[PDB]
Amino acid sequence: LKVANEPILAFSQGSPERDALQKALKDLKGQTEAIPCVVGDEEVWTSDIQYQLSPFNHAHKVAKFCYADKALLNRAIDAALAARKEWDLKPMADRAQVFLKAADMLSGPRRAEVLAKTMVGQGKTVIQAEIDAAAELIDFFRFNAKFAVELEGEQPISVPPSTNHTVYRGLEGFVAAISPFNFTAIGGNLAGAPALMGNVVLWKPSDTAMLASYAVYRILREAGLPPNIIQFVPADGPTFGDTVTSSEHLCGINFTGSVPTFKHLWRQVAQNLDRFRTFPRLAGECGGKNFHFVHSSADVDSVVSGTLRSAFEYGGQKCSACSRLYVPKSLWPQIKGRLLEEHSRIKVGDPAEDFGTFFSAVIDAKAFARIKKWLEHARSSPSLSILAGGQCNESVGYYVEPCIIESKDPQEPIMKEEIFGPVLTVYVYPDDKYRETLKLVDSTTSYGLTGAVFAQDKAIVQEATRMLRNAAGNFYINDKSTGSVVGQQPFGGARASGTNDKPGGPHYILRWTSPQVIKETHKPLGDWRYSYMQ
């Protein structure tokens, strides 16, 4: 199977895609979709009513949905389990076709819809929605399909008189997929990749991404996904976790979210090991405290633009976002001056109404409050100084201005803890202490996700690459730490950042298959004795 990356559109004035997106945005203005739980083909409502709000205009309820209760989740498990055998018995190509068709739908007739729902529901600007809900999701579907189809070609050696064949079985049981607010594409992949490999899935989408998540779900069903392969089950986090880890039929958890929550689930599975029919497989992507490290030889313009994008795009709400910047003293006057000047030109506003917007409001009231606590800390700490930004206002949307802070302490809590907001901390190091500082990049935090080194000196780049080998699972030389592209930079890291299964690469699907090898022997067997025994 041959596939290439989906083009990223330019959205120029008068372009087909820009006109289409404008219409799709108008289509959502003032609209609230009532999104039910879906079990099989049944639309189910519980009394536990919830609302998704538009981050930049929280008066706009973009969706009304509901939390599945323990009983509904258990029913969804039973129904999914009954559908699994036939789905798993389908040829890999046939399952792949559902995802390739979904990809073509997302590429063409449904592109504007999923972009708009991501913009309005999750607060993304045009380009952030485009690289996510269109390109990344489309690529996940096409590339995973390729990887899966090609995996069936990975076959063992046959020696006469026997034939050996590997059957890439789905896991026996159900998989729980738990997706985060910040990428529409991640939800599609967490539920979709296991379904592709013959699994059945309970998908708990993020509350704050419900609108776009359900849009993806409907596209999958329309593309031919049969009933009970993916159950669409919004739920209270702890309730969902308690329920799926209580089921003897759990065979996997595909999770993206907080370290503590992943650890909790891991411990619940361990507490219940004696109940499960097999050992569940846990996959977790858990975030980072990502660095941009600058050497004195760096191209300053690239450092400035790449760091502004990495730190502030989508309000810094990316597991890969740069939140610690290391600058040599000799370049600090340039970099400080340029950062502060460019900062004043950043437009924060309504991304639907003003395409001039660089980024918009953060996702919800809880994120707003957490980020404000960090800004307040920056106003308190003796080692921290706010250089620009730091304002926030939640009267209309959850608006946080981009903030640039200098720390005199390379080990300050703000240098260690993931904020998930538009908050960049800078540490200025003595030029002659670059090696010691590289060590600090590696040793300071508990995380291992992304990092960038900016330098134009080969020896420095080689040295830094070796030293930072385990500080970043996605490591960048002279580029920003965000924006991994499927099939090009498979994404993930170790240390506290998760299990590193590298979604976006060729091996990720292997977590969702449990292979069986069949040997057929075509000649009758001989005696049980061996000739040497005679």
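Each residue number is its position in the shown sequence, starting from 1.
- For the two regions 337 to 345 and 259 to 267, the entry's Cα B-factors average higher over 337 to 345.
- Averaged over their C-alpha atoms, the temperature factors of 282 to 290 and 145 to 153 are higher for 145 to 153.
- Note on the listed residues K480, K29, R495, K502: the highest Cα temperature factor in the record is that of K29.
- Ranking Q231, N189, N393, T208 by the C-alpha B-factor listed in the PDB entry places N393 at the top.
- The entry lists a Cα temperature factor for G40 that places it in the highest third of the chain's modelled residues.
- Placement of the Cα temperature factor of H165 within the chain: highest third of the modelled residues, per the deposited record.
- When the modelled residues of the chain are ordered by C-alpha B-factor, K61 sits in the highest third.
- Sorting the modelled residues of the chain by their CA temperature factor places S47 in the highest third.
- When the CA B factors of the chain's modelled residues are split into thirds, the value for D350 lands in the middle one.
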